[PDB]
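Accompanying notes for the structure given below.
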Amino acid sequence: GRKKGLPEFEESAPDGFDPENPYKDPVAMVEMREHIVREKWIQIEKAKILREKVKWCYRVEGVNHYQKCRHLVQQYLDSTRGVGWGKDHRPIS
Amino acid sequence: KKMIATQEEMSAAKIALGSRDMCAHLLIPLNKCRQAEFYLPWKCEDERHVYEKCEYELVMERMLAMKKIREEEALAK
Amino acid sequence: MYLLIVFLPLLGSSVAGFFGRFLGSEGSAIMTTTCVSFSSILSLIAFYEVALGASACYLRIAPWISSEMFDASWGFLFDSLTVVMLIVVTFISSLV
Amino acid sequence: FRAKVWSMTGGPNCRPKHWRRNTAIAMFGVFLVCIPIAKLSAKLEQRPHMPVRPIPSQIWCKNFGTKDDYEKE
Amino acid sequence: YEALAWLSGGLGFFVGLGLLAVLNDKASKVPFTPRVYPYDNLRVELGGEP
Amino acid sequence: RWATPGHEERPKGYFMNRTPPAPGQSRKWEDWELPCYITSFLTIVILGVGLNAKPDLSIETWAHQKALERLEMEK
Amino acid sequence: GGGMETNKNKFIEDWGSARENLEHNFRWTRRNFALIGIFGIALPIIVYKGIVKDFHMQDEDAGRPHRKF
Amino acid sequence: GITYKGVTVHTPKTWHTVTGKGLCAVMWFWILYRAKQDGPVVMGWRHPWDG
Amino acid sequence: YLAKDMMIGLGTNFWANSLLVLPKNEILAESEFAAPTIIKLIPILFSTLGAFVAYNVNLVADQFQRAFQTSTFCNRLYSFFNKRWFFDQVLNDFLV
Amino acid sequence: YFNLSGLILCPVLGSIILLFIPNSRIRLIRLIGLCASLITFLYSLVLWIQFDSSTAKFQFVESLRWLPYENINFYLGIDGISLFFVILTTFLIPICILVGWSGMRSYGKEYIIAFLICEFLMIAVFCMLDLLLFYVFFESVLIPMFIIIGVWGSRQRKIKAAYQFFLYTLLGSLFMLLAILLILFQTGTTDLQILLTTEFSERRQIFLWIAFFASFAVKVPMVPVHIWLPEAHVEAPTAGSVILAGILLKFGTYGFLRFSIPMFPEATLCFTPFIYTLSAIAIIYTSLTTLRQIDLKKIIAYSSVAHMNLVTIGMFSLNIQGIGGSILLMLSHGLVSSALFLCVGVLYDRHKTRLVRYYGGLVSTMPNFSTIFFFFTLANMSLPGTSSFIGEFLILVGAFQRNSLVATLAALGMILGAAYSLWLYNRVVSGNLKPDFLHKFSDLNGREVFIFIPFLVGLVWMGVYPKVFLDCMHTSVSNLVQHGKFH
Ligand SMILES: CCCCCCCCCCCCCCCCCC(=O)O[C@@H](COC(=O)CCCCCCCCCCCCCCC)COP(=O)(O)OCC[N+](C)(C)C
Ligand SMILES: CCCCCCCCCCCCCCCCCCCC(=O)O[C@H](COC(=O)CCCCCCCCCCCCCC)COP(=O)(O)OCCN
């Protein structure tokens, strides 16, 4: 019982959750928890797409890849600072 | 002797790093003729000996530069 | 074509091992060696079209480990360094 | 006692009478299933580089010289 | 247990001959000068900033 | 020895050690075989045309389309 | 020669069903105390200290104060 | 090969001697061929390629 | 002879990105144009010396140069290299 | 509308029909039992079709009242994790029926009663969101396994084997029950959705985490308590012993995922080094103990212990990939260990020795069994291309990203895994043939040949393309890792 298209749950924000008292509205806390992962997966996926950007850049330019991909290398290295749950430097979400 | 092939002509050419020394302007014709000629050692020599002597000159000037230090170190001792 | 370089020895090995009773001690000998020699000829063709015709070949079959930002794929890197060892492995394997 | 055990990969000296007939089928079997591997690969082998000289793989391939830019991946 | 005594000598020759290559100091015996490239030792084509 | 016929009337050994019966009659399938075989076929068909019928809805493709339409907003 | 089972040699039966029950032997002896105190209380403590030290050094590099644990 | 008191050696086949001789002679000639044309390269005298 | 020039030829353009060598640690031209000529052709000298000593020991001068029935330190020299530095002994007993 | 209720009812109907069938009708008992098991397997498979791997909340739920005030009640459901365990539980049991098919005349109908009872019992464990009833069905599996080990044990020493397996479980079970009582008295209910959204006290967190760890460290073999598994596992029938390492071993390890990690976010972090220092030394000590072993069954059980201690490292290392790799390794182990115990039990059902000394040179005969055994040993050998390697590579990745020291000790496990399993393979089916002991012996017939076919196909499928398994549960693992914290 679904439309054939991709689902869309919600994007803006969960209004019920208040950071000052995280355990105050249990109904809205799960919404915040799922929204966190649904927004972090966006960053993970854009990191993946910029990774393929870099990979095809190295696969096209040739020997001059130390001067024609630095604008994307700096866009990759900073994207690994707070991506997913992979290193002890957790992102400040 | 000073180099002349710089910026676009040096970067567009697929010459690898490390062989991009002072006198490497004539490597483009060498690799253009060598690549089409099946890389035969016995078919491409017109454009090779010039590069060999360019590297010869670079090595001998490089050791000439150290000659001065070698003959001046006697002052310290 | 580039997939034939890799998958033909596997296919020959699998069919020889599964049907080593259907083929005699010489049928497998003339079949697997023929498949490996075909792979060697393919490797020589790739060497001619890559080492001299300098244009490396790239591909990706399917994602192996499609976890988060840990993209593992069945792709291969038919590069100038790789094809020399393609020649080295295929020629010697067929001769052996 | 070797005849009793199956030896799926063939016995020690397994020499079927019509081994040539089976080998012809086996070689034909490889060729017929090798075509899907070759045909399915034609939609693959992306090589953006253009060789200085023409290779013989242009007839069955078109994934060369097309994937030039890397701003719309 | 006597083999370990020969083991120490066998590896001792390797490290002992390794130290002897420090006692001659071939680094300063170069007959030429360090290699230099144009454009700040090819700074643009090795990284840095354009 | 590449031209002589083989000295084997039949591949040695019996498949699953089951002696073939007299010629003319079938194999006399066993009680467990039929339900297990039909269940294997049902498993194959369900996992074949069911897995490649489920819409690709996940946290990967949804995030892929979302980040494809969100990375393009750099301005 | 119609027995599919093994012959169950006498000298092998004791070897088999003797190591299965070593509680009687391993009750009180001098070497047991040294072995237990050097490989059941010593090594786990050392590796636990190594792990907590690694966590502390990871914390220091990031700068965050180490957790008590 | 003729038979003796224990060594009844068999002579090598026709193609296992002449082929070996006519293939080894190629290498023997090739050693000097590379010692004449590219020989002057590594001797310390008369460095080739415009030298 | 065919591969001496085409792939080690002071900057051959077929490797492309396959093999990358940093500018700093690139010593190839002065490995050929700065050769003292007293060291380049020396391994041939060790080769011919080894030929001479092997021929002498194993064809003519083998009356004492082959079998050494001394008192001590010579049988153990034979065992030290035959048992390859007792690696199969010390490693086995002390680890496995 | 293929809901979860029917998946549990079908084995109940199968058992009920079998109860009133005369013992003489041995033809019908096996047929109807196998048919019920296969219908249950298909009903579990069809759930994977309609899984809808998109939502963070739980899938099909069934609520049945259990107390007068609806305080706590039977609340079914799967999220992303117990689905695969339900599928594998429904798949292993028909293999259990098939392996014990020839000798059913002596076993009687009581053999299938216990297996089907345990079948829907373990089905009701994985999809049980209510915390207390999860414990009711978590320890309900004591009786079927007790009966299987005791009534149809191989040797007479089975009496002492079952006592350990029982009492060790009861001790931790009641230790957990006390924590459940503390949680219910404090919070008020035991429903999982609510109980995950309650602010706990840090001092209370540690005690309750320890109380859960009292039993969950027994189901997964830990250093202090792992004696029960070999002694009570070598001495069980092959059809029954294949699920002690199949589903009875995945309760506590999976129980950590559902009732420990999201339940106590601030306590697992404080107790992380303790789990590391337990499991890292477990993978070493148990592996070394494995080498100096003679029985054919015990070596596989010890390898299983090492695999579980390895997966425990990757589970408590909270990573989006660590937990997914833990689930993949657990599924792969459930396949491979099951296959290995069938492989070593088919030898016992013909010769009845269970000693590697007697076995030798089994490649010159029964080559098909040798090939199958070699494939499953390679799967246990942790080679890439099989489903296991996908299993522990993610474990190593998750452990190294957090702690560098633990990853090296964990990978020492897969280094040492080549010392006992390969030695067993070369010492059982590749030695010198001896006619003194193994006078005569046959090869695998059509039953055990078909038994390994689903195992082989699933092994290869999840080894070369584990995408679908990871695809179906990326949302749930993401929700589990991100809990309590908001950064
Ligand atoms: C890294 C894991 C990759 C996947 C694992 C498969 C890779 C191959 C593993 C199996 C290789 C063969 C080992 C079989 C056991 C060897 C000992 C043995 O039992 O031999 C048997 C089995 O013989 C075989 O080797 C059969 C080989 C079958 C394996 C063929 C498949 C290999 C390719 C599959 C790889 C996967 C392809 C990718 C899938 C997507 C019979 O040999 P006989 O010559 O008859 O001698 C026995 C003596 N007597 C005659 C008296 C009985
Ligand atoms: C000896 C005779 C044995 C007969 C078996 C077949 C003979 C060949 C055996 C060789 C091994 C082949 C094993 C299958 C390898 C498949 C590898 C790719 C599978 C894959 O990832 O793609 C999936 C294909 O779905 C599918 O259709 C997969 C169907 C596979 C059915 C296998 C049934 C095994 C059941 C075992 C159950 C064990 C349970 C253990 C938990 C869907 O991929 P996707 O999501 O990308 O969809 C795409 C939507 N765009």
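How things are named: the first chain in the structure tokens is A, the next is B, and so on; residues count from 1 in each chain; ligands count from 1 in the order shown.
Every residue of chain E found in helix (DSSP H, G or I) when DSSP is run on the backbone appears here: residues 2, 3, 4, 5, 6, 7, 8, 9, 10, 11, 12, 13, 14, 15, 16, 17, 18, 19, 20, 21, 22, 23, 38, 39, 40, 41 and 42 of chain E.
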How about saving the chosen residues, C-alpha atoms kept, as a compact mmCIF listing (two decimals), in the first residue's frame?
# COMPACT_ATOMS: atom_id res chain seq x y z
CA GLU E 2 73.39 -24.17 21.02
CA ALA E 3 71.63 -23.00 17.84
CA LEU E 4 70.58 -19.71 19.46
CA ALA E 5 74.27 -18.95 20.03
CA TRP E 6 74.85 -19.28 16.29
CA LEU E 7 71.64 -17.32 15.67
CA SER E 8 72.99 -14.27 17.51
CA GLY E 9 76.20 -14.30 15.48
CA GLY E 10 74.40 -14.80 12.17
CA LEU E 11 72.20 -11.73 12.61
CA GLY E 12 75.07 -9.92 14.33
CA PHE E 13 77.04 -9.95 11.09
CA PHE E 14 74.14 -8.29 9.26
CA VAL E 15 73.67 -5.52 11.83
CA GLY E 16 77.43 -5.28 12.35
CA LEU E 17 77.98 -4.73 8.64
CA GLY E 18 75.03 -2.34 8.70
CA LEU E 19 76.76 -0.17 11.31
CA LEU E 20 79.96 -0.19 9.24
CA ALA E 21 78.03 1.61 6.50
CA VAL E 22 77.48 4.37 9.06
CA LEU E 23 81.19 4.66 9.91
CA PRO E 38 62.20 25.43 -11.65
CA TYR E 39 59.15 27.09 -10.08
CA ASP E 40 60.09 26.61 -6.42
CA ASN E 41 61.09 22.98 -7.04
CA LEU E 42 57.90 22.45 -9.08
Around ligand 2, at most 10 Å away and counting only C-alpha atoms and all ligand atoms, which residues are there? Put them as a PyMOL selection string, please.
-> (chain C and resi 62-64) or (chain F and resi 40-56) or (chain J and resi 41+45+83-92+328+331-332+334-335+449-450+452-472)
Write out as an NGL selection string which residues come within 8 Å of stretch 32-49 of chain G when counting only C-alpha atoms, dropping same-chain ones fewer than 4 positions away.
-> (:G and (26 or 28 or 53)) or (:J and (273-274 or 276-278 or 281))
Separating atom CA of residue C:17 from atom 41 (C, counted along the ligand's line) of ligand 1, to the nearest tenth of an Å, is a gap of 8.9 Å
Within 6 Å of ligand 1, which residues show up when you count only C-alpha atoms and all ligand atoms? List them as a PyMOL selection string, please.
-> (chain C and resi 14+17-18) or (chain D and resi 2+7+9-12) or (chain J and resi 363-365+367+370-371+374-375+383-385)
